[PDB]
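[1] Opening piece of the complex, as it sits:
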Amino acid sequence: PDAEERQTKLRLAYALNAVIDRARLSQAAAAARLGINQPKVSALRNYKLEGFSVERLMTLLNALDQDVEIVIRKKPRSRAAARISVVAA
């Protein structure tokens, strides 16, 4: 579970960083748009995620106009473990 959570954070941060890339925003513009510290943006850009919660990453996605829908489903009968995944739509 400790592993899954860092993996979830890394995937949300990848999505976040990709949106920032597309938007062609500098770190200064990104900081402002995201409503975070310039120290906080540098960490994000460097995948230093120790001070970002999964919730925070999702709300930063929202700040860049990305909806986040968390869908909860029973695992297939024909699968042994349930998982958290991060998907683009």
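    Nice, I can see it. Residues are numbered from 1 along each chain as shown, chains lettered A, B, ... in the order given.
[2] Give the helix, strand or coil label for the nearest residue to residue A:41 once chain neighbours are set aside.
    Leaving aside its sequence neighbours, residue A:41 sits nearest to residue A:31 (C-beta to C-beta, 6 or more residues apart in numbering; 4.3 Å). Placement of C-beta: from N, CA and C, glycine included. Of the three states, residue A:31 takes helix under DSSP: H, G, I helix; E, B strand; the rest coil.
[3] what about residue A:74, neighbour count?
    Neighbour count of residue A:74, defined by other C-beta atoms under 10 Å: 7.
[4] And for the one 4 residues further on?
    Applying other C-beta under 10 Å, we find 5 other residues in the vicinity of residue A:78.
[5] ok, now how distant is it from residue A:71?
    To residue A:71, residue A:78 is 19 Å away according to C-beta to C-beta, to the nearest Å.
[6] same deal with residue A:19?
    Residue A:19 sits 20 Å away from residue A:71, taking C-beta to C-beta as the criterion.
[7] more neighbours, the two?
    Neighbour count, other C-beta under 10 Å: between residue A:19 and residue A:71, residue A:19 has more, with 17 against 6.
[8] add chain B to the structure above, sequence below:
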Amino acid sequence: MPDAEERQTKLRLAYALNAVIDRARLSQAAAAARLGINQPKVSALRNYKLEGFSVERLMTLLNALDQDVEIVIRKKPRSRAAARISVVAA
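    Following on from the chains above, chain B is added here:
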């Protein structure tokens, strides 16, 4: 915004977890054993006292109850003012 949105997400995730416990017809003791959390933590969950749980932890507990958690990231619709976090039990 800011803590209010987080509280809302947690409540929705907690509803989804409680609903899974409900359908599985698990006792509090059985849910404690299944989730590997102590009975007082199970009691908190049933009572929506969620200060002790992270969003991340609620997703982990959902997985322990054999629920997949798919986090879908979408560009918001043009005529909605702000993007949001939603929770759907599918």
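[9] again for the neighbour count of residue A:74, since chain B is there now?
    Using other C-beta atoms under 10 Å in any protein chain shown, residue A:74 is surrounded by 15 other residues.
[10] who's in contact with it?
    B:66-68 (C-beta atoms under 8 Å, 6 or more residues apart in numbering or on different chains).
[11] Can you tell me the SS state at residue A:61?
    Secondary structure of residue A:61, per three-state DSSP, is helix.
[12] what's the neighbour count on it?
    Neighbour tally, residue A:61, other C-beta under 10 Å: 24.
[13] what about it, distance to chain B?
    6 Å (C-beta to the nearest C-beta, to the nearest Å).
[14] for the residue lying closest to that residue once chain neighbours are set aside, helix, strand, or coil?
    Using C-beta to C-beta, 6 or more residues apart in numbering or on different chains and skipping residues adjacent in sequence, the residue nearest residue A:61 is residue A:68, 5.3 Å away. Recorded secondary structure, residue A:68: strand (three-state DSSP).
[15] Mind listing the residues bridging to residue A:68?
    Residue A:68 has these beta-bridge partners by DSSP bridges: residue B:73, residue B:85.
[16] how many neighbours does residue A:10 have?
    14.
[17] Please look at it and residue A:52 and confirm they touch.
    No - under the criterion of C-beta atoms under 8 Å, residue A:10 is not in contact with residue A:52, lying 10.4 Å apart.
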